Every structure is written in C-alpha cells, then in structure tokens.
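J.: One structure follows; several queries about it will come next.
Reconstructed Cβ throughout: ideal geometry from the backbone, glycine too, with neighbour counts over all protein chains shown. What follows draws every value from the coordinates through simple rules; no lab data is involved.
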There are 4 protein chains.
Amino acid sequence: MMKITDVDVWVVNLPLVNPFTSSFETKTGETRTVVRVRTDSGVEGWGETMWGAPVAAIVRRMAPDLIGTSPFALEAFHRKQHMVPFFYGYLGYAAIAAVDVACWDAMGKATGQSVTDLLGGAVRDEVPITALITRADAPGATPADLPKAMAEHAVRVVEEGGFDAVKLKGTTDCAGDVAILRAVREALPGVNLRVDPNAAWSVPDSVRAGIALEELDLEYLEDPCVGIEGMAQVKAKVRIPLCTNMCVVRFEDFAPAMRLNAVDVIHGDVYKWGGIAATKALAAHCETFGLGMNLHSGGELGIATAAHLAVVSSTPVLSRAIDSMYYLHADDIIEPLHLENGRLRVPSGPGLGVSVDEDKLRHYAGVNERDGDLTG
Amino acid sequence: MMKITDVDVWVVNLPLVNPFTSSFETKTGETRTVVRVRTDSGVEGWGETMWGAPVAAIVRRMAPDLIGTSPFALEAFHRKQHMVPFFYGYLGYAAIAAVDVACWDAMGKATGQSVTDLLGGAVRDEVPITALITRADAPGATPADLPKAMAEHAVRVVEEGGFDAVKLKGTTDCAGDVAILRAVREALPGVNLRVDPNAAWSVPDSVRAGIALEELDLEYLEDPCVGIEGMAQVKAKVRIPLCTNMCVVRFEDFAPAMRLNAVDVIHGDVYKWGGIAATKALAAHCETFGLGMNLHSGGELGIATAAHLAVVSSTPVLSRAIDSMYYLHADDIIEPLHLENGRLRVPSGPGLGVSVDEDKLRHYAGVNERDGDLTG
Amino acid sequence: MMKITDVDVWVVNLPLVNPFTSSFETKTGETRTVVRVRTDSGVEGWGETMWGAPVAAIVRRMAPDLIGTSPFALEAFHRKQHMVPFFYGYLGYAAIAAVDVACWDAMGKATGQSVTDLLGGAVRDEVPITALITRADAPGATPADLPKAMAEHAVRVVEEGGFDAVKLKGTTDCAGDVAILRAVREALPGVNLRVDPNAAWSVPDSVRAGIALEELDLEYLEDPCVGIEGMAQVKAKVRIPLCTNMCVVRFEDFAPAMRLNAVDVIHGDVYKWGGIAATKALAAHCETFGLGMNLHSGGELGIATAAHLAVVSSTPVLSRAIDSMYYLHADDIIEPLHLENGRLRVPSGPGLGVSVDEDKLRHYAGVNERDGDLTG
Amino acid sequence: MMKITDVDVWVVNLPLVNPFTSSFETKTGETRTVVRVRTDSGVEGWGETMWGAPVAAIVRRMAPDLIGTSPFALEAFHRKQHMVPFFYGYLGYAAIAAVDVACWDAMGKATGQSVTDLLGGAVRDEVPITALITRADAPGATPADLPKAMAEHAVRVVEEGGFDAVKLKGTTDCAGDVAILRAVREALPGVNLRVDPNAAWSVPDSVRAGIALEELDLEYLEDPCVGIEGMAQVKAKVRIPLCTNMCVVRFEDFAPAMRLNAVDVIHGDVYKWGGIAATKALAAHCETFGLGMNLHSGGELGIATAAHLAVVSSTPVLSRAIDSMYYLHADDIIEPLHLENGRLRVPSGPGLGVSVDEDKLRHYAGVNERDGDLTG
C-alpha cells in the first residue's frame, strides 16, 4: 500500500566525449532532469528525462498532488495531467515521463520484479545500438574530401565498436549528404545504413535525394522533410522505408498519418510520448498497421536508457538497432550499463535495475547550477 | 523467480436462471474452461475462458511447454503460440486467454498486488452492466403483442435492477425488432438502448431498419450485418453509432476496418482477443481512432468476469455499461462478486481478487462430464 | 432419392519421403481426417480434409443431423453450419469441407458422372504441379554455401521431375531468402519461380526484399507479411504480383482486400474455404476482379487431391502449376493418382474417380491412434 | 456419355392478358426463342430465352459445333463462345443462355435429378412473385385522377392475388410517378413497394424524386437513371436501396460498380447473364459485397421461368419476391406452373421438371412466322 511521501527533482549537466552535429545544432554535453519518488515504505523510484529548468519546473508543479498517491496509479496520474502536453508540448510529455519512469522503478522495487517483467517479460536480453556519425567527425575536410573522410570514420567506428547500424546526421546540404552516404555504403556494403536530416530538406529536394539514395538500400530515410503532408509525398515517390520521430510524436498524429500514408517506421521514445505504457501501446499500434518501430534517443543517461532497455527487452517489434547517445557520454549518474560489441545488456534485478550514484548526481547538479542548461 | 510446475484444466457446466435467445440459438446454461497454473513458490493462478472440450484440448497441448517458465513471461508465451489462432480461430484465442488470465492472477498473487494495479491502477471502482432482453422473455406473445410484452419486461428489469443500459437481442425478423425497440424506448425514454441482431440482417435491411431506428437515439446498433464491407455501407447511410464484436475480432482486422470506415465502437473481450494486454492495447487503439469501446460477454463466470472488471477498472475508455451474462447465472465457482444496483464492484486484493470454491469446480466438472458441452 | 444413413470418421497419419521446412515448422508426415458418407442406396461418398482430432470432432458433432438428408442438399447443409467457422475458424471450414467433398463424391456416384462433369466439365485433362523446395534440402550448408546448394537442388528436381514451377519456402532470414532466389533464377532462367515466407517478414523488410527481387521476374511473391494492410503496402511499392492464402481466406475478407488493393493472386483451397462450390465461386470472383488464382496445398492425400483435380480440370482461371504436397508422400489411402512429367492426370469415372484402400485406411488410423496427431 | 445429335430452334409469339407499359414501350405479347437439344441417348433438353429472329440466328450459328459434344461440357461451351456477347451484346448472352438452360435440363434428365438438386438443392419450395403495375392499368385517368386510380388498382391486385410486393413501372413523368407511389403506399402501408423508371430520369430528377420518396420506405428504387456514374450519384444522396438490371449486366461491370459504390441490390437474370452458373456466381458476388439480389423478368414463359425457379429454390440470397411476367401470360408452351396466393411452386422431377406441349410450340411458332417478332 505504498503512498508517495516526497518528489525531489534535480537538473544535471553531463559531458560527451566528442562534439555531435545535427542539422539543428552542435552539442558537447547533455542536460537532463532527474526525479526521485519516495514512498512511506522506504522504496525510492528514480526517473530521468530530457532537458533542464523548464522540464524540472513542470515536474515540481505536478509534485504536490502526487503526495499521498500510489505509484501504481499511473492511469489516474496521466488522466489528471492530460492537458499538460497541450500547453507545454514536448516538455510536458517529458516531465510526465520522468514521473512515469520513477513510478515504474518504484513498482518494480516494491514487488521485487524487474520493470522488464512487469512489461511482459524478456524476449531478448541484449539490445543493439547504432553508430551515430556527423560532419563533426570530419572537422578538417573540404567538400571534395568530406565523403571519403566520413566513410573512413564510419569504418573505424564499426570495426572498433561492432555496431550493426550506422546513422548519418544529415544537413541542409542534401547533395553533400548523398555523397557521404554513397561513400559510406561503398566502404560498408553490409551495414544497416540510415540518414536523418531532422526535417531540413524541402519536399522536392527529399524526392530528388531519395531517388538518388535508392541504390544504397538504406534501412530507412528518417525525417527528410517537415510534416505529415510532406512525408506522405516523399513516401508516394521514394522507394526507401520512411521513418519519423517528428511528424508522428503523439497518438493524435497517428490516425491522420495512417490515412495519409505518411510513414513506414515510427520511432518510439518514452520521454517524447510521456511514459512506458504509451510506448508499449505505440508498439502495438505499429504491429497493427504493419509499421516498423525503433527507439529515438534524446540524450538519455543511465536511468533513462535502462527504462528504454526494459521496453526493448519486452517488445518483439523493437527488433532493430536502437538510437542511443549513451555510448557517447563521458560519465553517468549510475553504475555504468554493460556495453559490449555494440549492444547494451538489459539490466536485471528489481525496478530499472540501476543504482544511482548520489555523489555524481549532486556534483553534476552543481555543474548545472553554475553553468546553466546546455539545452533549450 | 516463480517457475510453473503444473497446468491443470477442467471443463464445467453452469446453469442460467432463465433461457436466453440470440438470433443464433437459445441457451439455458454456460460451458466454460477453467485453468489453474501452479508454481514452485506455491502460488496458484486461475483463469477461465469460453467453451469446453475443444478449448480445453488446446490448453492441454500448450501446457507441457509452459512447465518451467515464468508467469511473467507473457510476451514470450504469446509469440510462441502465434500460429494457434490462425488454425483454431476464436477457440485458439480463447485457449490462450485462459492461460494469460491465470498468469496475471499468479503475477498479482506473487507481488501482493491486484491485477487492477498491475494494469495502471483504478480510475473507477464500480462497473455498470447491461440488462439483456430477448424474445424468450415474452414466451406467450403474438407478433401483435410482442412489442408491448417486451417493453413491460424491460421496465420491470430496469426498475428492479437499476440497469443503466438495455440491449435487445435482435433476430432475422428485423421489422419486429424495430417494433420492439420503439415500444421499449417509449416506455424508457432515458435508458441507453441497443440492439444486436448478431449479423442476422442483410445490408439493405440494415439500412432500412437503421433509418427507422434513428428517431430512438440508440447508444449503438451492434452488428446488424456481416462483414467489414457491409458494416461500412451501413455506417455510410445510418446515423447511429455502429458497434461490433464480429467484424473486428483481432488486430489484423483493425487497419482495414479503419480505412474502410466500418465501425464507430468496438467491443473488447479478453477471451476473444487472447489476453489482458491485448485488451488494454485495443483500448489504446480505440482512443487513437476516436472509437467508443465496450466489453462483450461470452458467458463469463466469476473468474473471467473478475478479469474483465480489472480491465474496466483501469481503463478510462471503458466508460459504458458493459455486457455481462454474470447476473443471469444461477451459481458460480468462486465466492460471488458484489452486484448492487446494476453495477459490479471491482475486486480488491492480490491477483484477480477471487477465491475458487474447488468443491463447486469439481461438482460442475462432473456435470459436464456426464451431460456434455452446452456449447459447440 | 438418396438419404444419408451413416457418417463415419477416421484420423490417419501418413509419411512424407523427406522433411519439409516452412518458416513455421519442419514436418515429416501428414495427419488427415477421412469421412465416409453412406446412403440408403448403398452409395458411399468419401471426403478428406486437413488435421486430426479437433477436425474429426467437429465432423462427428455435425453428423447426427446429416442422417436422413440428401447428399445433394449442400446449400442447406452449409447454411445450417454457418456459425461453425465463426467459432472453430480454419478447422471449422476444414470439417465442413470433408462432408462437402464426400457429398460431391456420392452425388457423382449416384448419377454415374465424374465430379468434374458436375462442375461444368473438363477444360483441361492434366494439372501441372509445383516443385516445393526448402532449406531442409540443403542440410549441411553454411550461410555462404546455402544459395548454391539450393540452386543445385532445384535444378535436379526440375530436370528429374519436369516441374513447370518452383516455390521456395521462405524464412525469417529474408536476406538469405533473396540470396537463394538469385542463385535459383541464375540456374533456371526459364522456370516460373515463387517465394512464400508464410507471412514471416515485416512490411519494411518485405518492401526491401521485394525491390531486390524484381529483377528475377517471379511469378509471384506469396504472403511476404501479415494482414491485408501490410500486403496492400507491399503491393503499392513492389512490382511483383502478390499472392495470398493467409490474408484472404474467406469471402468476408474479399471485399475489403479489393477496396484496399491488397493482392493480385488468390489461392483457393477447398479445405480452407469449406467446400467445392465455394472454390468455384472464388474462381469467378477472381475473374471478375482480374486476379490470378492458384490452389494452395495443406497436405492433401489422394482423396483430397482428386477433389482439387476436379476443380482445376473444370475451371479456366486455374491455369497455373498448383501447389501440391502429393508427390512428396510415401504412400496414400487410395490407388495412386497418375503423376507424370510434373503433372497430375484428372481422374475419370463416377464421383472423385478414386478407390479407397480400406486396409491402408485402417492401418494408418491405427498409426494415428498410437502416435497421435502430427498437426496441431 | 451423352453426345448432342441435334439442336433445333423455334421462335414463338405468346399473348398477355392485358397491355403492359414501361417507360420504353407498351406490349401485348411476348416473343421468345425455344431450343431443344437432342442427345444420342434419347434425352431431350429444353431451353427458352428472350426475343426472336436475331437470337434464334445466333443459336443456329453456334449449333453445328455443339454436335458431338456433351451437355455436361458447359465450361468449354461458354469459353468457346466468349466473344459472342462482345459483338451481339444482350442478344448474345440470351442466345448462349438458351443453350445453357437446355443443357441443364438434359443433365438433370440424364442423371434423374432436378436442376434444383444439381445447383445445391432446395432451401425453399415456393417463390413469391411481384405485382407489376403500369399506367396502362388506369387507361381513362386524368393526371389529377391517376394516383387514386393506380392505388385502387394496386389494392385489387394485392387483395385478389396475395402478392408480397408491388412494382410501379415509372415513366419520364417523374413527378407523376412520385404522386402514384404516395397514393399506393397510403392504400397499402405494409406491402413491399418498388418503382422502376427503366433509366428514364435524369440524375438531378432522380435525386429530387428519391428524396421525396424516402418517406415511403420503398424496398428499392430500381434504375432511376442511366449508368454507373449516375447511379452512384443517386446512391450518395438518396436513402433508399438502389437496384439495377441495366448498369450492371455482366461481370465486367461489377468491379467498377463496387469501387464507385453504384448499387445496393443487383437483379440476376439467366438470359441476361448467359446462363445458370453465371447466375449462381452472381449470387455469391452479391453475398460477398453485402448486396441484395433479386431476379429480373424479360418475359419468361414456362421453360425459362422453371429455370429461374430452380435458381431461386437453391439460392439463399434470392429471398425476395422476384419479378415475373409469368402470371400475366394468357397461355404457355408447357403444362402450366403452379401459381397460388402470389407464389410459384418450384417444379420437382428430372431436369427443369416441365413437359413441353409440342402442339402449342408448333402453333405459336406459326403465329410468329405469320405475324413477325413483337420484340426488337
């Protein structure tokens, strides 16, 4: 009969090993929000979600009403907070997800079960991850030299890391993106290969590039352009599976995207969709419509990755190499997850199966206090 | 670390209070299949599903491979048995559901939690049920007298029982069905009213009847005709929400039914859909597509009803008066559920929250052994 | 004025020559249900259908009401049993088909006519069959060696057997399936070539594989993925005729599959569709919608094959090499059908044109009694 | 082993009792083509089809190649004559149907079975027919008086004849047609009521009239306008089941009519569709698409009506009162069918179950020879 007694929130800054360039920005660290839910039985559940001050602010506003409730009562919590994402958008889903994850952790600890086992049990014990490559990996390169430099980098990363998949972060320079992919495919004929321009290409440029890229047999083309309408126009012309984490980001988007035939693959992400049950539900929706599914990464540290691992472990349709920034981090706030030969081991043991280093938590919260958010 | 040690299966015959007439048959009892899953920790999980000998046979064939597995490992179990419904159809889903429910019961008992709490926790504590009326309730009646006799019966049942909804079992006599509904609505202007011909009407007759029935503001018209195509033609013409438990009975049916705009409301049913997680998933699918959802009854006794109650208790979209044959039964194989003023109380306590009377189980299994199945 | 006096049912186990691997299982024998319908004129009609104990059980439950009816009264029989497939699924259609076939046999014998002549008469006298190849035909092979081993096997089977068509049983390993087909096509440039993954591939993998397979000019791609929705997505992208025996398996599926443009070719199968008239009707539906048609094999012995031969003989649209496990059987329960140069001769003479060896029937029923079903 | 030895053809003129007015013409007799197929076993099969000289001419051209063939070989015959309807249109189907029917008669006689029993056996023994009313039934009437005169006529016909359905032959005067139907419905509140303008109304007038007619709950509106496009526009706006025997008259029309949602009910007619098997196939197509089905009448005498009766008797979906000019004829060329209380008794006995009066045949062929065709 657990009742929540405390909800505490921190914001942390953690460092990457090397810079990371999307079409959007170039980052050198993660800012994350960490939540601990305490109960009257002494159980402590931990959650973690994307971004800093504004996400923490939402969690702290939801907290007073969480006091005295059961961590098992997630349906009631989500319904109570139904309007939060309407106003706060992605940050609203993210804030709700932190609480959601912390409650699953607490539920597992209270019952002596892994979150994986509360989600249907394991169908796999290891989760392959994806090598993320960006133009920041070829700092010196001239436009003429960029494709070769990127391909040589990709080969090193795959050979050293054992990655099953490689994903290029695309840019506004779509012709250059295509040139890079051609060189990477030539160097790695057998690797699953993706490109993600983060919606930076126009629809006509996405069609022209997509046609050019057909010969490379990409696993998918991820968000070439903005919007359900544009994505559907691309899917109508281009014979490459089309993936999104930008035009379908909530259930309200799903029926319209299906009727308009906008996508072939959807990325789940607990922090984007507001919780673990939502992500299991999304998996079922993908199976019903014959869609592929993968997981998107928003810069998860160990707590948030452990939640995603529980989801992948227990979800048949998540059979691909997921996106994960985890291997690119220089430190964590839990004892490190097991990463070997390009796959993460699913934690075992009660809850998320992680142990939080509260000294590192305190330290990196201090770093954030002095340095400010790296996000936002 | 529960491991299953035994799977035992019985088939029972239980009596109704009065006969029950669908367009399909007239019944005076239920035949059900009961499953107990035993573990090495001493925990015993109970499930119950529809029909007799052929469903029991499927469960017994799945049983040997269940030995040594965890009741938490439901994703693996469902995937292992994925082909069973392709060959065995509804009976295959039903057999899988019995095992599924027994595992949820065992999971709750092992963790000291209600199934309701393992499904997201309660959002409601009571579940309204529906008064089911059939032509067997007006045994003596001439065609001219039938509508009045049915209306007078409906009034008595609603006034005595406190039911929020009334459902007429329709027949091949669609003109007579309409006459009955007109009389019932006149007598009960405020009750939620439904008719279910169990697909016995042709599409043109469904359109003609549907048009006639618009003036009665039915909660829904349930399966007037056969098939996604026919149902979609009815929905295109008739301004009454259209419900099914016959043209969408598995996830493979769902995408086509949406693209063809076949239905407005879908009935879930754990035993028809093969398990509890499938039913929670169906609820999410209904929310995504703006569909109503209710629960169908296939003649559940106490164990199977308790499972449905856990689902309704924890599922916002199940906000309607469900169908339930439970109130029409003359006995049960558990200590009776609480039924008061037309609503069932959600059980509390570990697992399904029921206690099985093994003497009644043994007795009614003997009744089945001597009398044979009443179903099939 | 024949009236049925007896309906007797056996279940038999019969051996294959070599193992047979689908994406689903690996088999070494068939289990079948055999039905004899006796009349008051002394005429005996024989039917045969798929699977064992559960199909036999359905037939035996339908039997008492068959007593005293005419074998000609098939419309009435099918309507009486209309609900059987709703509950019993594929097994329900199968059980009905056994009775259906036995009645056609009895009708032919009573009238001195072949079933072929009662179905519109012959338009062809020979029926080409298909060489079925599976990975079990390359037992020793490494992944690198598998395509060559499969191609060499295919060449031997085609050269020795005179087969017009070759069908690869596909697997979850879709990349390996494609490699095998490439090698087979290279070795046999002129053969009609098919692959059937039995719905084991995801939709994105089906699109990727389908694109790759276009260069091989396959006769069709059969059930790459699950469901009408997925199949329609494949047909929208992949320029290979798409065939099914899994997403359209009854008339209720047909209108939705047409509106959603899901398939180009449909497999008929008397045992899957519940009878001979249903299969003739399906042929007409295929002609109306410009679909190809072939026949699926569920492991027919001589009685069931003879029924399929009567259908093919009398049905213009069945102009392809059918699937037939018949040539892979080590024995039969009738005097063997004529198989020469990759085609089966249509039987002549009254009814199905077969003579049942009742000693073999008794023997193989005993084998089943002691060994149990190989199916289910 | 029947082989056809002779095909003989006559054209006959037979009288009606009273004139019959469609939107198209006013008739006082039928002209029909009669065919006898003789075999080497002495069996004689009889067929009958619509119209005279030009239909007889087609049959006589097909005849020489029929010599030496089996009456059972209908699939081969239809395929051989596949191009005949492309050039000769309705008359081509009609000529083929005469031969088709004669072969079914011969098949039944050769096997000692009714045609009904060769078509799946009886599901009903009686066939209700429809009272056909036209403006010729109110000869004296002023426009102001016409509706009352028509209603009084309808009442007399229904009360005297026991008809379950009444069908008004519509005209170019759509406002007058509506006025008549209003008066008829007022006088006969319980009768199934239809109107058939034989495509004489424009689409806008069909929409205006259809809207006006909704209040009368017609069984169907039959061919208000020309063409699949127009019919679909009517169905989109008007809430009355829409029936045709003019925009879907062959299988090539069926898929387009379904995709465009043109009709709710299709009339079969053996003579329009070229044979009995085609009509059974059409029934199955209607069931698959949830369409109603009825039979159209082109002026059948006893032989042709007997064929239609065999079809209705054996076909579940033909559950309506059929159209039949039979009751309006002053004589026949067989011993009269049993008509009592508005329903025709299905013949029993071998073949079509009719006995041809060859003296009447000879007489009415002479009448045609001297008087000429009344059709064409």
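J.: Using a 10 Å cut-off around each Cβ, can you sort C:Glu75, C:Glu287, C:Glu358 from fewest to most neighbouring Cβ atoms?
T.: Least to most surrounded, the residues fall as C:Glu358, C:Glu287, C:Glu75.
J.: Which helices of chain A meet both criteria: a Cα extent of 27 Å or more along the helical axis and a mean Kyte-Doolittle score no lower than -0.5, with helices taken as whole DSSP H segments?
T.: The qualifying helices are A:84-111.
J.: Report, as an integer, the average count of C-beta atoms from other chains found within 10 Å of each Cβ along C:280-293.
T.: Mean inter-chain Cβ contacts per residue within 10 Å come to 4.
J.: Then there's this: Give the residue from C:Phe163, C:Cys247, C:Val127 lying farthest towards the positive end of the charge dipole for region C:113-353; charges sit on Cβ (+1 for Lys and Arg, -1 for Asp and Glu) and the dipole is referred to the Cα centre.
T.: Checked the options; the winner is C:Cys247.
J.: While we're looking at this one, here's another question. Going 7 Å from the Cα of D:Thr5 in the Cα-to-Cβ direction, what parts of region D:98-118 have a backbone nitrogen less than 18 Å from that spot?
T.: D:103, D:106-107, D:109-111
J.: Picking from D:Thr49, D:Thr21, D:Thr288, which is most flexible by a Gaussian network model of chain D using Cα springs under 10 Å?
T.: In the Gaussian network model the winner is D:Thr288.
J.: Using the beta-carbon distance between A:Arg259 and D:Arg79 and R0 = 35 Å, what value does 1/(1 + (r/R0)^6) give for FRET efficiency, to the nearest 0.05?
T.: The computed FRET efficiency comes out at 0.25.
J.: Also: Return the average number of partner chain Cβ atoms within 10 angstrom of each residue Cβ along peptide C:225-237.
T.: Counting other chains' Cβ atoms within 10 Å and averaging over C:225-237 gives 5.
J.: As a test of the formula, what do you get for the protein assembly as shown when each DSSP H run with n ≥ 4 contributes -39,500 (n - 2.57) and the sum is divided by the residue count, at 222 nm and rounded to the nearest 500 deg cm²/dmol?
T.: One gets -13000 deg cm²/dmol as the mean residue ellipticity at 222 nm.
J.: Sequence neighbours fewer than 8 away in the same chain don't count; with that in mind, list the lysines whose C-alpha is under 25 Å from A:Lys360.
T.: A:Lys27, A:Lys109
J.: Still on this structure, please answer the following. List the chymotrypsin sites (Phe, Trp or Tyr not before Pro) within region A:1-49 that fall in a DSSP loop (any state other than H, G, I, E or B) and whose Cβ has at most 13 other Cβ atoms within 10 Å.
T.: A:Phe24
J.: Moving on to the next point. Just the number, please: percent antiparallel of the DSSP beta bridges in chain A, rounded to the nearest 5.
T.: 55 percent
J.: Which distance in Å, rounded to a whole number, links the C-alpha centroids of region B:137-182 and region C:302-376?
T.: Taking the Cα centre of region C:302-376 as reference, the centre of region B:137-182 is 54 Å away.
J.: Between copies, how far does the label point of B:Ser348 sit from its twins, in nm, shortest first, when each point is 7 Å from Cα along Cα→Cβ?
T.: 3.8, 7.1, 8.3
J.: What residue in chain C has the Cβ closest to the axis turning C into A, and how close is it in whole Å?
T.: In residue-and-Å form, the answer is C:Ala236, 6.
J.: For region D:113-353, rounded, prolate or oblate, judged on the Cα gyration tensor with a ≥ b ≥ c (square roots of eigenvalues), a/c < 1.5 rounded, else prolate if a/b > b/c?
T.: Judged from the Cα gyration tensor, region D:113-353 comes out oblate (a/c at least 1.5, b/c at or above a/b).
J.: Highest GNM mean-square fluctuation, chain A, Cα pairs closer than 10 Å: which of A:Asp65, A:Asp223, A:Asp164?
T.: Largest GNM mean-square fluctuation: A:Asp65.
J.: Can you compute the modelled spin-label distance between A:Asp40 and A:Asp359, with each label point 7 Å from Cα toward Cβ, in nm?
T.: Spacing of the two 7 Å Cα→Cβ label points: 3.5 nm.
J.: Arrange A:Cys225, D:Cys174, D:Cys103 by Cβ neighbour counts within 10 Å, fewest through most, would you?
T.: Listed from fewest to most nearby Cβ atoms, that is D:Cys174, A:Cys225, D:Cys103.
J.: Can you list, shortest first in nanometers, how far D:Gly176 lies from the same residue in the other copies, with each label 7 Å from Cα toward Cβ?
T.: Distances between equivalent label points, in nm: 4.3, 8.0, 8.2.
J.: Along the Cα-to-Cβ line of A:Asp125, 7 Å from the Cα, sits a label point; which residues in region A:302-330 have backbone N less than 11 Å from it?
T.: None, by backbone N distance to the label point.
J.: Something else about it: Within 10 Å of each residue's Cβ, count the other Cβ atoms and sort A:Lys80, C:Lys235, D:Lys280 from fewest upward.
T.: A:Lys80, C:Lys235, D:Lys280
J.: Which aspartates and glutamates, if any, have their Cα less than 15 Å from the Cα of D:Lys148, not counting same-chain residues under 8 positions apart?
T.: Counting by Cα, and skipping residues close in sequence, D:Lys148 has these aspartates and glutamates nearby: D:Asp137, D:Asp177, D:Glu186.
J.: Quick one: with label points 7 Å out along Cα→Cβ, list the inter-copy distances for A:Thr21 in nm, shortest first?
T.: Shortest to longest, the spacings are 4.7, 8.0, 8.8 nm.
J.: Another one. Would you mind giving the mean number of other chain beta-carbons within 10 Å of the Cβ of each residue in D:111-119, as a whole number?
T.: Mean shielding count: 4.
J.: Taking 0.36 nm per intervening residue step and subtracting the Cα-Cα distance, what contour gain separates D:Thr21 from D:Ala57 on full extension?
T.: Additional length available on full extension: 10.2 nm.
J.: Could you check what % of the DSSP bridge pairs in the protein assembly as shown are antiparallel, to the nearest 5?
T.: 55 percent
J.: Hey, another quick one. Charges on Cβ only, +1 for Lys and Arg, -1 for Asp and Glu, centred on the Cα centroid of the protein assembly as shown; of C:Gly275, A:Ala257, D:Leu328, which one is farthest towards the dipole's positive end?
T.: My answer, from the dipole projection, is A:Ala257.
J.: Springs between alpha-carbon atoms under 10 Å, Gaussian network over chain D: tell me which of D:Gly274, D:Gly298, D:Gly161 tops the mean-square fluctuations.
T.: With Cα springs under 10 Å in chain D, the top fluctuation among D:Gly274, D:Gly298, D:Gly161 is at D:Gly161.
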